[PDB]
Protein chains: 2
Amino acid sequence: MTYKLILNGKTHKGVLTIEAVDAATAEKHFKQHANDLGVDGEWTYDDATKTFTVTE
Amino acid sequence: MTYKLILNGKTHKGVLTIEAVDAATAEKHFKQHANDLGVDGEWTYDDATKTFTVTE
Ligand SMILES: [Cl-]
Ligand SMILES: [Cl-]
Ligand SMILES: [Cl-]
Ligand SMILES: [Cl-]
Ligand SMILES: [Cl-]
Ligand SMILES: [Cl-]
Ligand code: NA
Ligand code: NA
Ligand code: NA
Ligand code: NA
Ligand SMILES: [Zn+2]
Ligand SMILES: [Zn+2]
Ligand SMILES: [Zn+2]
Ligand SMILES: [Zn+2]
């Protein structure tokens, strides 16, 4: 299914959408993106919208 | 305005949307994302949809 990441970082404000087999796979991918971007924030997940938020 | 990046990398297939004052500013931001993700691809731009694509 489609999963989304809302980036709410100091220098990264955006929305990323990907496809993944499950939420765990999406979250692993999203955490790698955030790590590569130097985003070090607090994570939340909304199951109803399959949307993660990372907030610095 | 809103600008989009279609990631068509070997390991990064996704869509990123951001806001930016102009296409040049969006593209600079997008190129930094792609650099941070280790995406080394060919860039194209569609003015009508304010959408870049990076293709490995
Ligand atoms: Cl699907
Ligand atoms: Cl961003
Ligand atoms: Cl973690
Ligand atoms: Cl705007
Ligand atoms: Cl991606
Ligand atoms: Cl360049
Ligand atoms: Na996957
Ligand atoms: Na879920
Ligand atoms: Na900007
Ligand atoms: Na344009
Ligand atoms: Zn799927
Ligand atoms: Zn960004
Ligand atoms: Zn704008
Ligand atoms: Zn990716």
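So that the names make sense, note that chain A is the first sequence line, chain B the second, and so on, each numbered from 1. Every number for a ligand or one of its atoms is a count from 1 in the order of the listing.
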List, one per line, each side-chain donor-acceptor pair under 3.5 Å for residues 38-46 of chain A, sequence neighbours excluded.
from    : atom 1 : to      : atom 2 : distance (Å)
A:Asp46 : OD2    : A:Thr49 : N      : 3.1
A:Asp46 : OD2    : A:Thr49 : OG1    : 2.7

Item to check | Minimum heavy-atom distance between B:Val54 and B:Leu5, given as atom pair plus value | outcome: CG1-CD1, 4.0 Å

Checklist outcome for this item: Interatomic distance, NZ@B:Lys13 vs OG1@A:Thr17, rounded to 0.5 Å, equals 14.0 Å

Checklist entry - Are side-chain N/O atoms of B:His33 and A:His33 paired as donor and acceptor at under 3.5 Å? => result no

Item to check | Distance in Å, B:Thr55 OG1 paired with B:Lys10 NZ, rounded so as to fall on 0.5 Å steps | outcome: 9.0 Å

Item to check | Full working for side-chain contact (heavy atoms from CB on, under 4.5 Å) between B:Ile6 and B:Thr51 | outcome: CA-CA 7 Å; B:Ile6 298 170; B:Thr51 298; 3.7 Å; yes

Item to check | Nearest non-hydrogen partners of A:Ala26 and A:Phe52, listed with the distance | outcome: CB-CE1, 4.3 Å

Checklist entry - Protein N/O/S atoms under 3.0 Å of the Na ion (ligand 8)? => result A:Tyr45 OH, A:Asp47 OD1

Next on the checklist: Given 3.5 Å as the limit, does a donor-acceptor pair link the side chain of B:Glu19 with the main chain of B:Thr2, or not?
Outcome noted: no

Checklist entry - If every non-hydrogen atom of A:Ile18 is compared with every non-hydrogen atom of B:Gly14, which pair is closest and at what distance? => result CG2-CA, 4.2 Å

Checklist entry - Which protein N, O or S atoms does the Zn ion (ligand 13) have within a distance shorter than 2.8 Å? => result B:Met1 N, B:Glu19 OE2

Checklist entry - Do you know the tightest heavy-atom contact between B:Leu37 and B:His12? => result O-NE2, 3.7 Å

Next on the checklist: Taking atom NZ as the centre, does A:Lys28 end up with more than 12 heavy-atom neighbours from other residues, nucleotides or ligands that are less than 6.0 angstrom away?
Outcome noted: no

Item to check | Hydrophobic cluster membership, B:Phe30 vs B:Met1, 4.5 Å side-chain cutoff | outcome: yes

Checklist entry - Taking the Zn ion (ligand 14) as the centre, how many protein N/O/S atoms fall inside a distance shorter than 2.8 Å? => result 3

